[PDB]
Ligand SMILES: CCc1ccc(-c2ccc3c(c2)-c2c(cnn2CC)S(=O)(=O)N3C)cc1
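First, one chain by itself: the form deposited without the named molecule, in structure tokens.
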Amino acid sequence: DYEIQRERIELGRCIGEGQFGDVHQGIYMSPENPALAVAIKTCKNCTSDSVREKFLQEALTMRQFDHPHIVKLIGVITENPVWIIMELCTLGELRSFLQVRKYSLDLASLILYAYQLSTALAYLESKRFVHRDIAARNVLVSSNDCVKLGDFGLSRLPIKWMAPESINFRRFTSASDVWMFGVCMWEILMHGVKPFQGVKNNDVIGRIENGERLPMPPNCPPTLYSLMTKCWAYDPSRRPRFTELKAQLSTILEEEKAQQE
């Protein structure tokens, strides 16, 4: 069962905000397995059942997934104040982590993060789940060698990350998530810099249609940037599949690891 007794949760500092309320870090003291660090999503308005159902549906959404690179649901407290207890990724948000470690993280760690995210996305595609919000801001750092997709509720227009068909006609498929993943890979190799900085959202569409693309990040291997550009094919059917990106990122990772030993 997923119902958690409130006395077992100690609410810690605020780590972020979501549509329904503040997100906190905290501690969960399970009956048989002591001090576990957890993330706690709060909900200011779920004294109203209309808000409660939408909030708790976000926990049900994470309940169906079980992958090493997707945050897991620990449980829920369904009475007011309503809370969702999630796994805590102690090193926080990927963008800040990459900015802070811009000159200390090796290229193999950056490729490892892209590869780990491709395994989570290939897994979600096998479950017929279209994410729609693939971006570095929605990736968390569990440890130096482990990144995970954050909560899907906290992950929710991001025009600068979207595929042309998603912007033009609101079409959302695994092929549009591949475009977004290409942008997310670019953000990782750029050390947490956002795409199209200083450009208006309305002019992103025009630049993409003129053949312009986000440039090769400094010190990025040409084979890896070439993979990002395949994600940015205008035609969705010409983009690679997540299983192909997963195989190619593994080849690039092993090639980089072989250069060290």
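Basically, rigid core = biggest C-alpha set you can superpose within 1.5 Å across the two forms. Note that residue numbering begins at 1 and tracks the sequence as displayed.
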query	finding
Entries skipping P31: at least a third of other ones	yes
No coordinates for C184 in a third or more of the other PDB entries	no
Unresolved deposited residues in the interval that joins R156 and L157	10 or more
Of 53-61 and 33-41, the stretch whose C-alpha atoms average the higher B-factor in the entry	33-41
Selected stretch [higher average CA B-factor]: 23-31 or 64-72	23-31
Chain-wide C-alpha B factor ranking for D151, given as lowest, middle or highest third	lowest
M228 - Cα temperature factor, lowest/middle/highest third of chain	lowest
Chain third (lowest, middle, highest) by recorded CA B-factor, residue given as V130	lowest
Chain-wide C-alpha B factor ranking for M162, given as lowest, middle or highest third	lowest
Chain third (lowest, middle, highest) by recorded CA B-factor, residue given as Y103	highest
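If you look for the form deposited with the named molecule bound, you will not find it shown, but the lines that follow are about it.
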| item | value |
| --- | --- |
| The named molecule overlaid from its position in the bound PDB entry: site open or blocked at 2.4 Å backbone/C-beta | blocked |
| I167, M190, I77, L124 - the one with a heavy atom within 4.5 Å of the named molecule in the bound PDB entry | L124 |
| Candidate from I208, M62, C231, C46 lying within 4.5 Å of the named molecule in the bound PDB entry - any heavy atom | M62 |
| Interface stretch in the bound PDB entry with the named molecule - options 219-227, 195-203, 63-71, 232-240, non-hydrogen atom within 4.5 Å | 63-71 |
| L149: touches the named molecule in the bound PDB entry, heavy atom cutoff 4.5 angstroms | yes |
| 4.5 angstroms heavy atom contact with the named molecule in the bound PDB entry for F172 | no |
| Heavy atom of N138 within 4.5 Å of the named molecule in the bound PDB entry | yes |
| 4.5 Å heavy atom contact, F181 to the named molecule in the bound PDB entry | yes |
| Contact set, 160-177 vs the named molecule in the bound PDB entry - heavy atom within 4.5 angstroms | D177 |
| From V141, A175, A135, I74, residue displaced between this form and the one not shown - CA threshold 2 Å or more, rigid core | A135 |
| Cα separation of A136 and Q116 in the bound PDB entry versus here, shift of 3 Å or more | farther |
| Sense of the change in Cα distance from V76 to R137 in the bound PDB entry - at least 3 Å versus the shown form | closer |
